Amino acid sequence: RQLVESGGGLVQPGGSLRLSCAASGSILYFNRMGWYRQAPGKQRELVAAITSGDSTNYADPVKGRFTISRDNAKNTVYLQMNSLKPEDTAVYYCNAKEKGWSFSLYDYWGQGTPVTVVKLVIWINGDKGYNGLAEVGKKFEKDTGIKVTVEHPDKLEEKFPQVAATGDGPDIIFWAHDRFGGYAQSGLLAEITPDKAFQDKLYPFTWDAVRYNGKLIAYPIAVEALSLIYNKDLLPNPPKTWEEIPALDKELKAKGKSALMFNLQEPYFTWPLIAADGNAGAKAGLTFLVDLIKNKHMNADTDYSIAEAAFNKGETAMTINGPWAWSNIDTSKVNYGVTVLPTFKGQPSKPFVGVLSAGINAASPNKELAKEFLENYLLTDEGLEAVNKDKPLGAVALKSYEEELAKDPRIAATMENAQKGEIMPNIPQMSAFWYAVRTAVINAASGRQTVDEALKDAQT
Ligand SMILES: OC[C@H]1O[C@H](O[C@H]2[C@H](O)[C@@H](O)[C@@H](O)O[C@@H]2CO)[C@H](O)[C@@H](O)[C@@H]1O
């Protein structure tokens, strides 16, 4: 009597698989038939069993999800595995017990059938082109069989280092390079090892942004910089200086329109004005921002959504945003322009420059599968095109995309602001820094702490 298992393959969590174990003898003679699993480096774990008496038992993990069935005609025991999970992943073995005639019994085993539950999970921000990133992921599943789900959870920059440390979290994490040094110091990211030929496809300056202590900690995707987005119909010759916005606002408020609406909550949007001169520069830049809210030119709790919506609706003449925001404007019927950020105290407003980068989670089993996705499928002409047609990436890191980038007037304006700004250091202290600026700007905006007292608490 020999037991032969079948139906073992790769599947997506939530999917299904029917294991079948056929014997070379009648199942009637068997007392008990059942399924055991063995994951790498672990003990035998019974999942299900069926006795000659038709009673079926299951282990608590698989209970409710798996059903053990039997067909005495086909001389086969089945395991219908529904709603699969990564914890299920193991080698599944078929077992049969037979009482002899005398007191003793016989245990019979099979070859084993491998079941792999694999899901490629990607964490990217909701303001980016996750739908397009999914279209790349859909082509990956066609050529391999691995599922590529794209998730966009709130506060992922500070949810990733908590979840990825303890739990599983994502396989690959997408965020501007500045947050990655903190992940690298903490040991939350795998070292990137790309071959020369892949390495050569991207601009050498882009690789520098994704380097911490002489180790590549991510894959560079695109350079991001804030620009001044303006409605050409409401404002044909927009302000070249910050100091002439109050005058323009007085003019526009008479006609039931705002001058400038942008995200005041997130400090990345307010930093260019703050850092225009520089300290004395931070005091100057912020006082101006405070005076705008004090003169009722800007709203106190202006966030990403009400600013975006207001510009797209045609209520505000200007807004401060990144490449990613353009597609939503195109959807609306607004003749828009992207240009240089306004100057403050003569000198330019220095926006921080981000390099969108993809890193592999140190606690991921799919490190080689993610490297394949990132190199051969995402960081390709075809791959970046898909992401870019959803929501624009900005100035891509791919060398082959220079011609297409250069043909776009908005990219030109983005690069103009990126040169006037500076790339963020990747250092672990960036997190504490950003938090210090986030509070400082909110406190001064609402009317709690003074501009002098804001820089005091922030420098500490
Ligand atoms: O607001 C501070 C925040 O700014 C930057 O995050 C940007 C991100 O880089 C952009 O891609 C865009 O989506 O908006 C974010 C701000 O809303 C820094 O990268 C980040 O560390 C910092 O927390």
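Each value, and the rule that gives it
- Residues numbered from 1 in each chain as written, not as in the entry; some residues may be left out.
- Part of a larger assembly, values for the part shown.
- Heavy atoms only, no water.
- Pairing = 2+ DSSP bridges.
- Helix = DSSP H or I, 4+ residues; strand = E, 2+ residues; numbered from the N terminus.
- Axes fitted to C-alpha atoms, helices over the stretch in contact; angles between N-to-C directions.
- Contact = heavy atoms within 4.5 Å.
- Near = heavy atom within 4 Å.
- Polar contact = N/O pair within 3.5 Å; in protein donor to acceptor, adjacent residues only side chain to side chain.
- Domains from an automatic or database assignment.
- Disulfide = S-S within 2.5 Å.
- Buried < 20%, exposed > 50% of the residue type's maximum accessible area, 1.4 Å probe, protein only.

- As recorded in the PDB header, X-ray crystallography is the method behind this entry, and the stated resolution is 3.2 Å.

Some details on the sheet that holds strand β19 (residues 336–339)
- Here 4 strands make up an open sheet; going across it, the order is β17-β18-β16-β19 and the pairing mixed. Because the sheet does not close on itself, it has two edges, and the strands there are β17 (258–260) and β19. For this sheet the average axis-to-axis angle between neighbouring strands, irrespective of direction, equals 25°.
- Both strand β16 (residues 227–231) and β19 contribute to a ladder of 4 bridges, which runs antiparallel. Among the inter-strand pairings, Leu 228 is bridged to a residue of β19, identified as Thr 339.
- The strands that helix α6 (residues 245–254) touches are β17 and β18 (316–321); relative to β17, the one it contacts most, it runs at about 155°.

Some points on the site of the ligand
- Contacts to the ligand come from 15 residues, most closely from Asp 127, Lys 128, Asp 178, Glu 224 and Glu 266.
- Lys 128 has a polar side-chain atom sitting 2.7 Å from an oxygen atom of the ligand.
- One nitrogen or oxygen atom from the side chain of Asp 178 is found 2.7 Å from an oxygen atom belonging to the ligand.
- Among the elements of the structure, β14 (172–176), α7 (267–274) and α15 (430–446) are those that each provide at least two residues to the shell around the ligand.
- Counting residues per element, the shell around the ligand draws most heavily on α7, at 3 residues.

As for the domain arrangement of the protein chain
- Here the domain parsing of the protein chain yields domain 1 (3–117) and domain 2 (225–352 + 435–459).
- Taking only C-alpha atoms, the centre of domain 1 and the centre of domain 2 are 64 Å apart.

Side note on the state of the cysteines
- A full pass over the atoms with the stated rule returns 1 disulfide.
- Here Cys 21 pairs with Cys 94 through a disulfide, and the sulfurs are 2.2 Å apart. On the sign convention where negative means left-handed, the S-S torsion of about -75° between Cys 21 and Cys 94 marks this disulfide as left-handed. Taken as a pair, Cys 21 in strand β3 (residues 17–23) and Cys 94 in strand β9 (residues 90–99) lie far apart in primary sequence, 73 residues in all. Just as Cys 21 is buried, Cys 94 falls in that class too.

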